[PDB]
């Protein structure tokens, strides 16, 4: 019968899945690339005043970001796009610990910014000296809400879910009613363990 319109509704969902993952994968990889390039280009030893201006310039007009920060070896925030009320320290963060040990870039899961209270995930790049000692950290915090609006903006009338590897809702876009009786086409992102589920839309009057 109209299994025909269903199968097509399904491949549309698949097409959407790849579009949206590609977008977010792109956003994450691009940010990583920006940070990596900053680390390479800035005169060493890092001058804090210069870093401060660079983060401001980079942060400027990129709703992508919750904030951009720079940390010292101890994990104190020493440069920041958000005016900081008190001293802030992120050495307790999972991504900080991992970044310190691996001396490699780290992407975090969603949490609530100590600095803004908003939900975010971060990209954290260790800055190394000549002897490959980790001395500082670039920290790029992305607003989860930006990703949500990004997806919503393109697929407002499909229901999509983003869930981490443990079932925690990262976010959803669109009306859940659309998912009734639908199995989702789904897949994980590249650099972060978030699973995206796109529900095909129902077969309607035709």
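Residue numbers count along the first chain shown, from 1.
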Review point. Should the higher mean CA B-factor in the entry be assigned to 6-14 or to 192-200?
Key: 6-14
Check your understanding: Comparing 88-96 with 68-76, which stretch shows the greater average C-alpha B-factor in the deposited entry?
Key -> 88-96
Practice item. Could you check 135, 112, 108, 105 and tell me which one carries the biggest Cα B-factor in the deposited entry? Key: 112
Practice item. Determine which member of 45, 167, 156, 29 has the highest CA B-factor, using the values in the deposited entry. Key: 156
Check your understanding: residue 181: which third of its chain by C-alpha temperature factor?
Key -> lowest
Point to revise | Assigned third (lowest, middle, highest) for the C-alpha B factor of residue 52 | key: lowest
Practice item. Relative to the other modelled residues of the same chain, rank the CA B-factor of residue 36 and answer lowest, middle or highest third. Key: lowest
